[PDB]
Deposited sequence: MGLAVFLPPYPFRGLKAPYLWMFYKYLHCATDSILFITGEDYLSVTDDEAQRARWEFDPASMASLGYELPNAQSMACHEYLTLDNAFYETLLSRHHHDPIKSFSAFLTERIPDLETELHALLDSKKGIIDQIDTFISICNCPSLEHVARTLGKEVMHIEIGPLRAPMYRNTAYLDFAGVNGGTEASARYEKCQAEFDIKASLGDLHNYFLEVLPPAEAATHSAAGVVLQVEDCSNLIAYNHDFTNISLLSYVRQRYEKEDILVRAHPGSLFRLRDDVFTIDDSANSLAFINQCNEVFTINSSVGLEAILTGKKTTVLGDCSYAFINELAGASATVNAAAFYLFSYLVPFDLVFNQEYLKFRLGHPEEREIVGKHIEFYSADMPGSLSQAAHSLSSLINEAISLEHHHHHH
């Protein structure tokens, strides 16, 4: 079975920070799952004091494809809970800075956490032997160390850079790390000779686009801002922040030529009278107004690349290696590998059969084949032939 690690520590002030993934795995479960989480995930449902959370909004639930769980849905699974006493102790060891504590959680081993994880996993006979893989929504060396000791893999699974409603939902699934420490570039370098894609970058974009593209004033430079306390601005940012990204761009452009888009999820917006502030209804319309795009490691950087815009990527991220290739054909081949083999159809990373498939480490050809089968499900070979044919069927339907 699966062992799904969803830490309860409220590093950013919100209880059950990864609730949506708990609900998604519960809703998709065709077998019993082991959940390694906190009591907050179990007690938020009934609380009826948190019920205004976005995870309970039927529009969010529809976009992500889940329904709230019932006593019946939850009874099928096993739950291990981590205590908060360790969280308070963790904060005490990082000058009571919750964000620095989160950084340590993401990037360093925490031996006291490893001990509690080991204890929980040993709390009942047979729990460990029935674990086929761990799953984590973020990097966590503590868990990854525990997994080595036990001989288990760790799939790092997260929502991907292309999301509904603009795009088909995608997910990350990476055995080495998610956002930071990823294996996308390594996987591509191993199979790059198998990719001969007869499509442009914009064609790859159009395959994943689920809406009519927005209507076509240009700004020399577009600046993508991110959520200030998302893990990849804490740990994988190469020290850059929204404010230093802005300063970076100002070294190269006068303010009249800068267009800044705040992240709709950020707690902060921009003051109305310094820069030109983007007000597009989505990030695609924003980047279409820009001649070149600057980002730390936002998902929007991938959108910029795929629409052919000169993009600067200052942080670490899964897609950066696409942008570091010289040839136009090489960039397309890398993008095609990224989109059809590295990224996973979102629902499949919650499907136990697909997860067991990936746990066998199959060939890139088989992975691409299973993804295209899912993407083609409602439609009326080698690897390139599969991708080329898939693009062509969208070409005329």
List in ascending order the stretches of the deposited sequence, numbered from 1, that lack C-alpha coordinates. 1, 218-219, 384-390, 408-410
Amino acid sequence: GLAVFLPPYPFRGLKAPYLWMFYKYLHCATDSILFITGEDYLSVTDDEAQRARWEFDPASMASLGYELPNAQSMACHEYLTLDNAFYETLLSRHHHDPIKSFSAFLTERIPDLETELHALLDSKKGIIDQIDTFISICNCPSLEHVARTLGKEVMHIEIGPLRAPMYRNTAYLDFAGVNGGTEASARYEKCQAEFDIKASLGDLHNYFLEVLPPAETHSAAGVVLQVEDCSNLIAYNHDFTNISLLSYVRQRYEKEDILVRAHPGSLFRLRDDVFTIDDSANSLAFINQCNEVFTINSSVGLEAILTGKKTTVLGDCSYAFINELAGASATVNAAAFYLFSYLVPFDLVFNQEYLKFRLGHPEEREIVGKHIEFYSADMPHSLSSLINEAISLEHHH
From here on, numbers count along this sequence of modelled residues.
Check the entry's C-alpha temperature factors for 126-134 and 105-113, then say which stretch has the higher mean. 126-134
Determine, for stretches 142-150 and 263-271, which one has the higher mean CA B-factor as deposited. 263-271
Out of 231, 323, 81, 185, which shows the largest CA B-factor listed in the entry? 81
Choose from 288, 169, 312, 72 the residue with the greatest Cα B-factor as stated in the PDB record. 72
Ranked by Cα temperature factor within the chain, is residue 247 in the lowest third, the middle third or the highest third? middle
Where does the C-alpha B-factor of residue 364 rank in its chain, lowest, middle or highest third? middle
Which third, lowest, middle or highest, does the CA B-factor of residue 161 fall in along this chain? lowest
Of the three thirds of its chain by CA temperature factor, lowest, middle or highest, which one includes residue 353? middle
Considering only modelled residues of the same chain, in which third does the CA B-factor of residue 190 rank: lowest, middle or highest? middle
